[PDB]
Amino acid sequence: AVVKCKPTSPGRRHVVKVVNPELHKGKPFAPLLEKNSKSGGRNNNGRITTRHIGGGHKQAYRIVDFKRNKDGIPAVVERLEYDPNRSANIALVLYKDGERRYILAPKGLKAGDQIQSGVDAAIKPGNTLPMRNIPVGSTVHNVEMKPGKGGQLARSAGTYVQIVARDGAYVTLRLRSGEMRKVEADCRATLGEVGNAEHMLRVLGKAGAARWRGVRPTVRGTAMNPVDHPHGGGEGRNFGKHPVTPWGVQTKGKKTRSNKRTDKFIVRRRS
Amino acid sequence: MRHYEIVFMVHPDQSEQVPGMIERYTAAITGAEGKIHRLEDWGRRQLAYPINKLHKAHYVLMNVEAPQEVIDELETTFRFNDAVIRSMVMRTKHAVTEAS
Amino acid sequence: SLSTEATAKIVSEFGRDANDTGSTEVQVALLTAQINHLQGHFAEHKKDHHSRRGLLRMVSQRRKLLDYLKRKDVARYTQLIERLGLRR
Amino acid sequence: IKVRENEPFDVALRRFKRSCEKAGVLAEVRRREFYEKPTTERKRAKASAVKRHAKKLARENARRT
Amino acid sequence: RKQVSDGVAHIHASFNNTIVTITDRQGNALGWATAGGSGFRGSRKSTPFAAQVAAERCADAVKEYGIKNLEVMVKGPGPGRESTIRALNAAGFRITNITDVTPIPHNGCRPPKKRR
Amino acid sequence: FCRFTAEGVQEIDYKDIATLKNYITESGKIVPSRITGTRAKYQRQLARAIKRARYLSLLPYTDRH
RNA sequence: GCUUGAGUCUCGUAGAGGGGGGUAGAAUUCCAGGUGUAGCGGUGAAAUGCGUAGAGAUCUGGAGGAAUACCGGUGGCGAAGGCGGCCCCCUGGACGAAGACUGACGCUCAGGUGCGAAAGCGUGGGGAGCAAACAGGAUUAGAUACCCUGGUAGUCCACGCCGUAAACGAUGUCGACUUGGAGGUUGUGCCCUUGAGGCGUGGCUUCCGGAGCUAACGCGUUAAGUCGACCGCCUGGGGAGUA
RNA sequence: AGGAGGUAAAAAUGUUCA
């Protein structure tokens, strides 16, 4: 739910917290954890390739199972955990044979709900099965793009894809962006939308709130000098140029889609 | 318990496999104390208009008397089965055992 | 909704016999059973204003009957209220 | 809707057209939504109709025709 | 050429025009003629007489296909609709059956409010 | 001018398309009670049945298939 | 204490009463392809616009959103606002039937609380059609209007807000009594279903009218008639339902 | 007797008093 804080301090005045009074409060499951050192947007050469990235709170990576290999084995949701690396909540699931795994948390999911995967599985939020056994018009998420790849599309909080056609060996999916793309029907998918759909209603309120998410100050081009940004210059706020990136490429309306090998899979482009 | 008169048209091709469906459903129903009334199979008659193409569908009437938790699984099986086409259920009004 | 068998208990529970159902104690007990039953219908849905008017109608009907019972014989009233868990 | 007669017609005689819809409702969804005027022309429709039959049972004055 | 035998005449008679289109049984168009194509511009365009010449100019221009008999499926209110089927029958074509396919919705969309 | 089950008590059935087709015009439209002389009560049961029969495609939504 | 006030229980009846989740067909727009060819569209006329990059028309398939033809009627239900394709689930109220039961718990009700068309507002979606604003084309003395081509918010969905309408039978609520006629709609009892019924007994409702009432118009057993109970409100027009 | 289809672009103003 959303709770607008009381303005007892500037910075706490505009904060809107998305609280979930049912997430596990204790420490996460140790076996399914591994360190995750930050980069600061720097690569092999040590140069800052992507800007506005750095600082932030330390966060441990939780090995979330997207592949969903366990078939013919029923599992029960143990508890709902918090995942700092993701936008959505993750659910700690316990299998019938004693194996615990973290999976993305679908919408209607409480601790105690039973789910399973495989071609055998039924139609219920949380079940994973190949898209050729799913009824046309269904709402799925965490969709694989290649058989056994893992699950690329619709895995952010409150997102989902929709099957619009199943012509032959190819399932036509309408992505969240409003783009229809063909995917082989043997790729697995999980039924339902992704949880923590209130994520969008969250308002940070403080400049520091963005700092611990790992974001850094974004300086505008107009504020810089000609040698720093194609915009720059100006003795008293002058623009007169054409909106470009810091590298001269025209932004604000110029397409950069150039794959050509994946153009075969795209039916209707995003608009 | 309430009375229902569940009807469902089924694919012509799977018409040769329709008896398997009729007894499979009643198994789950009577397993849940669902006493039945009719089983008026009308056969594969001509349709009025094209229903997702392929005219002359196969009609099957059931007229079941079971509680609500029994039929709800049944409707979900109808949604997720490309054999059955356009199925509908109705209220009681004292289930009958006639009228062909 | 409280069908015939559900109400069959309450009339024989608060009345002198299965025939006497018009008694004030029997009525208030009946309305209370209906109200608590309807809390689930209004737990969710939250927008059924037309039926809520029906609910609030029997809520006041209970209050009108409770005040009558208190003014007529406070003894039975003091027995009734703790038996149903009400009266703030 | 589909008049044929098959062999000895030589003419239209499609009376069904003036008898079903093909003019009334088509020249009704032609324009104007109203959303409420139907109701006032609903009541005015029989207001005129009931006053015609009231005087149909009261036309016996004399009129000397 | 291809020489077709049977066809169907589509008569789209609306309030302003009465575009006539003769197609084959499968739906593929062969030839067509309009009231506004044979001159008749303005007020005379929305006239049953203009529908007459629309049928005449569509009676020919399909000679290379040689249609013996055809059906008529009229559409829309229009001022023609019945005067155009007359000129098409008196032209020399065998009318088997006449049908009406006026597209009336079941309260699909909100029609205009125009015309005050 | 003619009546129905008002005297010969019985219920309308959506399955009985033998008699249901007698109450609708061949163009797939329900005929008004002012012409069939049907009792208002049964007309409602009739209409509910016609709509149910159309869903089960035992009756045409329109004759133009 | 009693029962004609009021309420409860048993069995049924009709119903766009309300909330939630699915579903169907016609139609409009759009998208792709085939056939095919100079117009199409629009109007009082015309132009903008669309079209030889091949539209419109026509045929097949697909994608969507909204509204539910016929039924449908001065019909029904709801406190009012208002509510209609179909289906299921949760659920309110009214009415009739023959009895039992409680025993004045009743009526009204300042303040208070709730619900409350449309437009409008906030957050997130959706967006076919329609369409403020806006644009162009016309008309015109002028036309930032009427008309035409387009078109954003909006209209639709979820959750909150606003609390206003000629929110109108312009008629406050409850109860009692006071000649009739013609219909609709929804139960039931009795007699022979002796044949599309007949005579009564209730609910609701439409129209016409007597006494009476009213300034008149008209209302007229759902009264604006004859009385009683309570509440709200008015005190010349404008200023002003404004400061 | 019972229901439908069709029938007007544009035309501003008139001193106060009797």
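Everything below is about the structure shown above.
Notes on the structure in this doc start here. (Residues numbered from 1 in each chain as written, not as in the entry; some residues may be left out. Chains lettered and ligands numbered in written order. Part of a larger assembly, values for the part shown. Heavy atoms only, no water.)

**Concerning the overall build of chain D**
For step 1, the next point in the chain: Within chain D, the regular secondary structure consists of two helices and one strand.
For step 2, the next point in the chain: In chain D, the succession of α and β elements from N to C terminus is β-α-α.
For step 3, the next point in the chain: For chain D, whose C-alpha radius of gyration is 20 Å, the value lies well above the compact-globule estimate of 11 Å for 65 residues.
For step 4, the next point in the chain: Within the span of chain D, comprising 65 residues, buried residues form 12% of the whole.
For step 5, the next point in the chain: Just so you have it, chain D exposes about 5800 Å², and 50% of that area is on carbon and sulfur atoms.
For step 6, the next point in the chain: The distance from the centre of the 22 positive side-chain charges to the centre of the 9 negative ones in chain D is 9 Å. (Helix = DSSP H or I, 4+ residues; strand = E, 2+ residues; numbered from the N terminus. Rg over C-alpha atoms; globule rule 2.2 N^0.38 Å. Buried < 20%, exposed > 50% of the residue type's maximum accessible area, 1.4 Å probe, protein only. Areas by Shrake-Rupley, 256 points an atom, 1.4 Å probe, with all protein chains shown as cover. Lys, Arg positive; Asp, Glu negative; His and termini not counted. Charge placed at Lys NZ, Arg CZ, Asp CG, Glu CD.)

**Observations concerning the environment of B:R38**
For step 1, the next point in the chain: Turning to its location among the elements, B:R38 is positioned in the loop between α1 (18-31) and β3 (41-43).
For step 2, the next point in the chain: Among residues more than four places away in sequence, those in contact with B:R38 are B:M62, B:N63, B:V96, B:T97 and B:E98. (Contact = heavy atoms within 4.5 Å.)

**Remarks on the interface of chain E and chain D**
For step 1, the next point in the chain: At the interface, 22 residues of chain E touch 18 residues of chain D.
For step 2, the next point in the chain: In total, chain E and chain D occlude about 1800 Å² of area from one another, counting both sides; carbon and sulfur atoms represent 59% of this.
For step 3, the next point in the chain: Inspection of the chain E/chain D interface yields two salt bridges.
For step 4, the next point in the chain: In this structure, the salt-bridge partner of E:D100 is D:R14, at a minimum N-O distance of 3.8 Å. (Buried area = accessible area lost by both parts, 1.4 Å probe. Salt bridge = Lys/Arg side-chain N within 4 Å of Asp/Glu carboxyl O.)

**Considerations on the side chain of E:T84**
Residues and elements named next belong to chain E.
For step 1, the next point in the chain: Note on placement: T84 falls in helix α2 (residues 84-89).
For step 2, the next point in the chain: Looking at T84, its side chain comes within polar contact range of the main-chain oxygen of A51, at 3.5 Å.
For step 3, the next point in the chain: If we skip the residues at most four places from it in the chain, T84 touches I11, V20, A51 and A55. (Polar contact = N/O pair within 3.5 Å; in protein donor to acceptor, adjacent residues only side chain to side chain.)

**Quick look at the protein's contact with RNA strand H**
For step 1, the next point in the chain: All residues adjacent to RNA strand H are D:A23, D:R52, E:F15 and F:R34.
For step 2, the next point in the chain: Its residues assigned to classes, the surface near RNA strand H comprises two nonpolar, no polar and two charged. (Near = heavy atom within 4 Å. Nonpolar A, V, L, I, M, F, W, Y, C, P; charged D, E, K, R; others polar.)

**Some thoughts on the packing of helix α2 (residues 24-38) of chain C against helix α3 (residues 49-72) of chain C**
All names here are of chain C.
For step 1, the next point in the chain: Relative orientation of the contacting elements α2 and α3 amounts to 150°, with a least axis distance of 10 Å. Relative to α3, the element α2 is oriented roughly antiparallel. Judged by the sense of rotation from one axis to the other, the crossing of α2 with α3 is left-handed. Residues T24, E25, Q27, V28, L31, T32, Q34, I35 and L38 of α2 lie in contact with α3, whose contacting residues are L55, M58, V59, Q61, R62, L65, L66, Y68 and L69. (Axes fitted to C-alpha atoms, helices over the stretch in contact; angles between N-to-C directions. Parallel < 35°, antiparallel > 145°, perpendicular 65-115°, else oblique. Left-handed = near helix turned anticlockwise from the far one by under 90°.)

**Considerations on the protein's contact with RNA strand G**
For step 1, the next point in the chain: Surveying the vicinity of RNA strand G reveals 100 residues, the closest of which are C:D20, C:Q27, D:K46, E:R41 and E:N107.
For step 2, the next point in the chain: In RNA strand G, atoms within 4 Å of the protein come from the sugar-phosphate backbone in 78% of cases.
For step 3, the next point in the chain: A:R174 places a side-chain nitrogen or oxygen 2.8 Å from a phosphate oxygen of RNA strand G.
For step 4, the next point in the chain: Between C:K47 and RNA strand G, the recorded distance is 2.7 Å, taken from a side-chain N or O atom to a phosphate oxygen.

**Here's the deal with the interface of chain B and chain F**
For step 1, the next point in the chain: Each partner contributes to the interface: chain B provides 17 residues, whereas chain F provides 14 residues.
For step 2, the next point in the chain: Carbon and sulfur atoms supply 68% of the area that chain B and chain F bury against each other, a total of about 1300 Å² over both sides.
For step 3, the next point in the chain: Looking only at chain B, the three residues that lose the most surface to chain F are B:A48, B:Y49 and B:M88, adding up to 36% of its buried area.
For step 4, the next point in the chain: Scanning the region where chain B abuts chain F turns up one salt bridge.
For step 5, the next point in the chain: The interface formed by chain B and chain F holds seven residue pairs in polar contact in total.
For step 6, the next point in the chain: If you list the elements that add at least two residues to the side of chain B that touches chain F, you get β2 (7-10), β4 (58-61) and β6 (84-88) of chain B.
For step 7, the next point in the chain: The greatest single-element share of the side of chain B that touches chain F, amounting to three residues, is contributed by β6(B).
For step 8, the next point in the chain: Among the residues forming the side of chain B that touches chain F, the class breakdown is 13 nonpolar, one polar and three charged.

**Topic: the pairing of strand β14 (residues 188-191) of chain A**
Residues and elements named next belong to chain A.
For step 1, the next point in the chain: Burial along β14 is two-sided: the face carrying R188 and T190 and the face carrying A189 and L191 are both buried.
For step 2, the next point in the chain: In terms of strand pairing, strand β10 (residues 139-141) meets β14 through two bridges, oriented antiparallel. By the bridge assignment, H141 is partnered in β14 with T190. (Pairing = 2+ DSSP bridges.)

**A short note on the arrangement of the chains**
For step 1, the next point in the chain: Take the five pairs of chains in contact: the one carrying the most contacts is chains D and E.
For step 2, the next point in the chain: At their nearest point, the C-alpha atoms of chain C and chain D are still 25 Å apart, with no contact between the two.
For step 3, the next point in the chain: The smallest C-alpha distance separating chain A from chain E is 23 Å, and no contact links them.

**Digging into the packing of α3(C) against helix α4 (residues 74-84) of chain C**
Residues and elements named next belong to chain C.
For step 1, the next point in the chain: Taken N-terminus to C-terminus, the directions of α3 and α4 make an angle of 135°; their axes are 6 Å apart at the nearest point. By the angle between their directions, the pair α3 and α4 is classed as oblique. Seen from α3, the contacting residues are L66, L69, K70 and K72; seen from α4, they are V74, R76, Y77 and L80.
For step 2, the next point in the chain: Broken down by class, the residue content of the contact of α3 with α4 amounts to five nonpolar, no polar and three charged.

**Brief notes about the sheet that holds strand β4 (residues 69-75) of chain E**
Hydrogen bonds between backbone atoms are what pair the strands of a sheet, whose relative direction is either parallel or antiparallel.
For step 1, the next point in the chain: Read from one edge of the open sheet, six strands run β1(D)-β5(E)-β4(E)-β1(E)-β2(E)-β3(E), paired in mixed fashion. Across the chains shown, the open sheet's two edge strands, defined by having one partner strand only, are β1 (2-3) of chain D together with β3 (29-33) of chain E.
For step 2, the next point in the chain: Sheet analysis places strand β1 (residues 6-13) of chain E next to β4(E), joined by seven bridges and oriented parallel. Looking at the pairing, E:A9 lines up with E:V72 of β4(E).

**So, α2(C)**
For step 1, the next point in the chain: Over its 15 residues, α2(C) runs 21 Å from end to end, which matches the ideal 21 Å to within 8%, given 1.5 Å per residue.
For step 2, the next point in the chain: Among all positions in α2(C), only C:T24, C:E25, C:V26, C:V28, C:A29, C:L31, C:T32, C:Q34, C:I35 and C:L38 are buried. (Expected span 1.5 Å × (residues − 1).)

**Regarding the environment of A:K264**
For step 1, the next point in the chain: Tracing the chain through its elements places A:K264 in the loop between α1 (207-211) and β15 (266-268).
For step 2, the next point in the chain: The sequence separation of A:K264 and A:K182 amounts to 82 residues, and the corresponding C-alpha distance is 8.5 Å.

**Quick notes on the sheet that holds β4(B)**
All names here are of chain B.
For step 1, the next point in the chain: Strand order in the open sheet formed by four strands is β3-β4-β2-β6, with antiparallel pairing between adjacent strands. Two strands close off the open sheet at either side, each with one partner strand: β3 and β6. Averaged over neighbouring strand pairs, the angle between their axes works out to 15° when direction is ignored.
For step 2, the next point in the chain: Here β2 pairs with β4 via four bridges, running antiparallel. Within β4, the position partnered with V7 by the bridge is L61.

Limitation: the analysis is restricted to geometry and does not speak to function.
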